[PDB]
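Enquirer: These protein sequence lines map, in sequence, to chains A and B.
Note that the working numbering numbers the first sequence so that position 26 is 26, with each residue one more than the last.
Note that the working numbering numbers the second sequence so that position 48 is 1048, with each residue one more than the last.
Every residue gets a Cβ at the ideal spot worked out from N, C-alpha and C, and that includes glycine.
First the structure, then my questions, so here it is.
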Amino acid sequence: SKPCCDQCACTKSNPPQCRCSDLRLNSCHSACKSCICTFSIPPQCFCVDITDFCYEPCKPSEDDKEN
Amino acid sequence: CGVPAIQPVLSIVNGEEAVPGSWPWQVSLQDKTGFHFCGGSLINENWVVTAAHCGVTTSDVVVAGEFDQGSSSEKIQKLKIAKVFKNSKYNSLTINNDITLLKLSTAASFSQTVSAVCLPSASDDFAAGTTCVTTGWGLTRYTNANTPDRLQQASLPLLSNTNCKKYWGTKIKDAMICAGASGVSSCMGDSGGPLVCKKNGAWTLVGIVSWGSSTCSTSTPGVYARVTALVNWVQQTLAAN
């Protein structure tokens, strides 16, 4: 499954450095390097990575059909 | 409280089986299908403490007195939940203040295998480096699709929040306490259960299993809800209800 992150909290920096807050069950983002999870079933997981870029916001923009 | 009728023997990933009945406050949280998804601790005959993130509702059942969840011959108590008190300060994104109280609809019947853990005072000082114990039915291996049937245990040290931040950075809040990174780890299915330290000979609830490495790495610390930072809210919730 290809990368994507809805909420991307980029911060004060140049180049940028960003942080995703998306909650995912079972596991993180396939390209997450450091993932944390609650120890429940199903586990609630978050990516704690810090990249200088955001992945496409998972959800489509749904704004290209109506003139 | 905190004095088990059956004495635990200490020599969860890389843990060991508990002596049966030796953690008498450990309860199982199970949905309507009988599936264990979280743990909890009895603090008296009428209340259980667990993690907020577990999402327990009144349709879940508290199971007390189990050692082997695959057994049908143990004398276990299946306790309905009358009311859920999820700490309103719990933040599902930061996972901070991760505590929930369950009011049982009928009182538990204490015995050799069912009793209460002690609660600390908000001022208690549990020193970094103390060896404590955590128990639960969580995965014994991250690759597993199968929790263990028998209650597991592990000994592990407490960290200072300063040292814990060296692993997890700004994720660590004052209402959190870390333990482990020592060859053992809590893992999926352990959430809500106890991290206990023996204070004046009595096992005392210092932490609630919360979160950690997504693969239950035994070289990173587990993060627990810090009970000293939440126990006045626990005591006041009980006094009001």
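Measuring alpha carbon to alpha carbon, tell me which residue in 13(A), 31(A), 24(A) and 26(A) is nearest residue 70(A).
Expert: Not covered by the structure: residue 70(A). The range shown for chain A is 1 to 67.
Enquirer: Any residues in the segment 1127-1150 of chain B with a beta carbon nearer than 9 Å to a beta carbon of chain A? Which ones, in chain order?
Expert: Result list: 1136, 1138, 1139 and 1147.
Enquirer: Tell me whether residue 1077(B) sits in a helix, a strand or coil according to DSSP, three-state version.
Expert: strand
Enquirer: Identify which residue in 1085(B), 1102(B) and 1077(B) has its Cα closest to the Cα of residue 1040(B).
Expert: 1102(B)
Enquirer: Note down, in chain order, each residue of its chain lying with its Cβ closer than 6 Å to the Cβ of residue 43(A), except the 5 sequence neighbours on either side.
Expert: 37
Enquirer: Assign residue 1033(B) to one of two classes, buried (16 or more other C-beta atoms within 10 Å of its C-beta) or exposed (fewer than that).
Expert: exposed
Enquirer: Can you check whether the C-beta of residue 1164(B) is within less than 7 Å of a C-beta belonging to chain A?
Expert: no
Enquirer: When you compare only the Cα positions, how much space is there between residue 1133(B) and residue 54(A)?
Expert: 40 Å
Enquirer: Based on Cα-Cα distance, which residue from 1236(B), 1171(B) and 1200(B) lies nearest to residue 1212(B)?
Expert: Ranking the options by Cα distance to residue 1212(B), first place goes to 1171(B).
Enquirer: Going by DSSP in three states, residue 1195(B) sits in which element: helix, strand or coil?
Expert: Here residue 1195(B) sits in strand by DSSP.
Enquirer: As a quick exercise: from 1197(B), 1221(B), 1175(B) and 1206(B), pick the residue whose alpha carbon is nearest that of residue 1187(B).
Expert: 1221(B)
Enquirer: Please state whether the Cβ-Cβ distance between residue 1046(B) and residue 1104(B) is less than 7 Å.
Expert: yes
Enquirer: Considering only residues of the segment 1129-1168 of chain B, which uninterrupted beta strand (DSSP E) runs meet the minimum length of 3 residues and lie entirely inside it, listed in chain order?
Expert: 1131-1136 and 1152-1157
Enquirer: Identify each residue in the segment 1180-1213 of chain B for which the Cβ-Cβ distance to at least one residue of chain A is less than 8 Å, and report them in chain order.
Expert: 1186, 1187, 1188, 1189, 1190, 1191, 1192, 1209, 1210, 1211, 1212 and 1213
Enquirer: Given residue 1219(B), which residues of its chain have a CB within under 7 Å of its CB, disregarding the five upstream and five downstream residues?
Expert: Excluding sequence positions up to five before and after residue 1219(B), its CB lies within less than 7 Å of the CB of 1181, all in the same chain and listed in chain order.
Enquirer: For residue 1107(B), count the other beta carbons within 10 Å of its own beta carbon; 16 or more makes it buried, fewer makes it exposed. Which is it?
Expert: exposed
Enquirer: If the cut is a Cβ gap below 7 Å, which residues of chain A does residue 1230(B) touch?
Expert: The contacting residues do not exist; residue 1230(B) stays about 17 Å from chain A at best.
Enquirer: Look at the alpha carbon of residue 1006(B) and the alpha carbon of residue 13(A), and state the distance between them as a whole number of angstroms.
Expert: 57 Å
Enquirer: In the DSSP output, which residue or residues are listed as bridge partners for residue 1213(B)?
Expert: 36(A)
Enquirer: I'd like the ranges of any alpha helix (DSSP H) spanning at least 4 consecutive residues and lying wholly in the segment 1044-1130 of chain B.
Expert: none
Enquirer: Residue range of the alpha helix (DSSP H) that residue 1238(B) falls in?
Expert: 1231-1240
Enquirer: Report the rounded CA-to-CA distance for residue 1193(B) versus residue 9(A), giving the unit in angstroms.
Expert: 32 Å
Enquirer: Could you spell out where the beta strand (DSSP E) holding residue 53(A) opens and where it closes?
Expert: Residue 53(A) -> no beta strand (DSSP E), and no H or E assigned at all.
Enquirer: Would you report the Cα separation of residue 1009(B) and residue 16(A), rounded to the nearest angstrom?
Expert: 52 Å
Enquirer: Got a sec: is the Cβ-Cβ distance from residue 61(A) to anything in chain B below 7 Å?
Expert: no
Enquirer: Check the DSSP bridge columns for residue 1185(B) and list the partner residues they point to.
Expert: 1013(B)
Enquirer: Have a look at residue 1125(B) and residue 1080(B) and give me their C-alpha separation to the nearest angstrom.
Expert: 35 Å
Enquirer: Determine contact between the segment 1012-1030 of chain B and the segment 1050-1069 of chain B, defined as no fewer than three beta-carbon pairs at a distance below 8 Å.
Expert: yes
Enquirer: Between residue 1085(B) and chain A, is the shortest Cβ-Cβ distance under 7 Å, so that the two count as touching?
Expert: no
Enquirer: What's the call for residue 1191(B), buried or exposed, on a 16-neighbour Cβ count within 10 Å?
Expert: buried
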